[PDB]
Each structure stands twice: as C-alpha cells, then as structure tokens.
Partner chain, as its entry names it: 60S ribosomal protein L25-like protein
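Listed next as structure tokens is one chain, alone, in the form deposited without the partner chain.
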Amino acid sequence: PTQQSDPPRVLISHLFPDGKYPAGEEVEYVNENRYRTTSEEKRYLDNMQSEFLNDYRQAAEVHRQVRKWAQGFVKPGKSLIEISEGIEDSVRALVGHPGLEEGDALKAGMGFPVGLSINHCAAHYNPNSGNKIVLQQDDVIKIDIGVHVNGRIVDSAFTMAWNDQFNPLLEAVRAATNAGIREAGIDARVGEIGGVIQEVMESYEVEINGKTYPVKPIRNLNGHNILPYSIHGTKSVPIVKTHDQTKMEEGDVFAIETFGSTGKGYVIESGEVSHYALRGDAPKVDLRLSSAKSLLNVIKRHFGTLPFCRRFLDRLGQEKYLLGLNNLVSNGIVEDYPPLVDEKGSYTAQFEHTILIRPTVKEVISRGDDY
C-alpha cells in the first residue's frame, strides 16, 4: 500500500502521516532507577522534550530504512563510491533536504561521512572522488552511517562479510556491543561498562586460514556521548576495563560502539584522508590564503560543526580547496580524521547503536530487526 522504494526515495514523512516516528527499543532502568518508568515527575519531564525525541526518532527511522537497502545491495563487486553515494542520496531523499543550498544540509541529512572501512581498517575510510575500489569476496566491511534531523544525530554501524570464516568475529563484536548497551543506564560508570564489553568480546575466537585468533577489543577506540550538531562530547565509553568513573546521566545521548580485531587490538592513523570537521573551539587565526578563507565560509554555511568529507565539498562545486583545507587543519580550525588501521593482515569488525538516557527509560533508538 505505502512502502519505501529501492533505493529509498519516499519522503519519510509520507510513511508516518501523523508526523510521529517510532520509538526504538525502550528498556527500564534497573534497581534504584527503576522508579523512573512510572514516576509522574520523570514522565512529565520526558514529555517536555517530545520534539527532541521525535526528531531523534525520525533520524533513526531514516537510518534503518537506508541501512536496510544497503544490507540488500552491498555485495562483492560493488564499488565503494556507488555504495557511499547510494547511502547519501537515500538519506537526503528521505529527510527531504538535498543539501545544496546553504543551510539545507544543516536542517537534516548526513550526520557525518559514510564510513566504509575494510579488513584491517576499522574506521574513518570514505572514498574520495575518482576512487575505483570494489568490494571483494573476502572483505569485511564496516558501514558507519550517521543521520541527523535538526542536529539530533543518530550514529549506528554494522559489519558485513561474505566468507563464513569471518562470522565468529562479527558475532563477537555484535555480542559485545549488545552487552555494553545492556549495562548502560543512569549512574552506570563508563569504565565498568568497558570491562563488561571486554569480557564478552574476549570470550570469542575465530579461525582464519588454519590459525585460531582471539578476538581483541580495539583498546584505543571508544564510544562517546553525542551533543547537538556535534558527534563527540566530553564523555567516553571505553571497550576495555578502565578506571574512568564518569557516570551516565539523565539527558545524555551515547554512541555505544565496539570494535574487535584479530590483530593487535590497537589502531594507528594511516591512509588517504577523507573525513574532517570544523572545531567549535577553533582559535583566532590570521588566514592569508584566500582559498582557506573562502573554504572556511563554505564549511560554516553548509556543515557547521557536523563532520564532512571531500566528496561533500566536491558536490558543492569546490575544485581548488585542498591547499586551503590543509591550511585550516594546520591552523587548528578544522580537525582531520585519517583512516584507522590495525596491523596488516588483520580483520576488524564494528557494531554501534545510539542510546538516549531519558528521564524515564533507556531508548536504544537505532535498534532494528537487523541488529
């Protein structure tokens, strides 16, 4: 009767005609916070933020519908460019914002670049223009998609593979992410969550080419809280046990992500850079390159503090910007985020959800029937 298309092009509001988007997985807080579910005070407080919640849920439903398409489309033989462009075009169509006029991408659309990270690369790879890389049968790809509505950013990610030998690695990381999500809640201490994530993940091992490898958490990667128009707040959620005693609090939003690896369990920056973000705390700089000054205005007027990638500049007709972009990075105005890799020959996997720590309940807003 009324369904999404292939690829997704139907405005999400057409599929939810009352303008209300579905809640994600709602979980009661445990023990001394269980009173929150039925507390009239906390229910009224939660209801004050109905528009915030509904925007978050719109972004999460777009995320689900686009990743459903991706899960059916992405296979060996597809190019990274066509996958990324397919995801991006679907997100923008569903939210109704082409993101070409100044300010339009800041209303709704991509929350950050599409991560398409293969094998020993765990994160922060996105093809730049002219990229010709095609997925192979023995690849393990992490697809990290961000959707925002009015600056409410849903960050959720999953891994795909086509050779069954990798399945235990994917299962390990999915299980570890789900254990971290289960531990999350008001007053939970992030370093203790990390220990639970680690215990679950390290209970897995995977045989690759005749040798058995323990699955190791990537110890220098972590989840984080999410702020308006800003993917990273000040709080971290480690994926190993640490003595970070920071607590989750009412009103927080967290990206609970875990990464597992058959290699060292540690990543370094390596490879072509595609991902960038304007720092809200950028210092004052006497910019002399005309092209750094013009590029900064393009960035502020189109992306604000949302992360962007090179192709997001290319599609705005920017052609001579790499000098200026590197200058804004060197001057501390824009941060760069190079691809992150474990050792050559290793395989890494990622699963991630966004959770809302509401006054009443925990909402795993990006949960779907897929993961």
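Numbering follows the first chain given and starts at 1.
Absent from the display: the form solved in complex with the partner chain. The rest refers to it.
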Selected contact from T305, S346, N54, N327, since only one has a non-hydrogen atom within 4.5 angstroms of the partner chain in the deposited bound form: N327
Answer option from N209, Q245, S290, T234, heavy atom within 4.5 Å of the partner chain in the deposited bound form: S290
Contact of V30 with the partner chain in the deposited bound form (heavy atom, 4.5 Å): no
Location of the partner chain contact in the deposited bound form, chosen stretch of 56-64, 38-46, 314-322, 22-30 [non-hydrogen atom, 4.5 Å]: 314-322
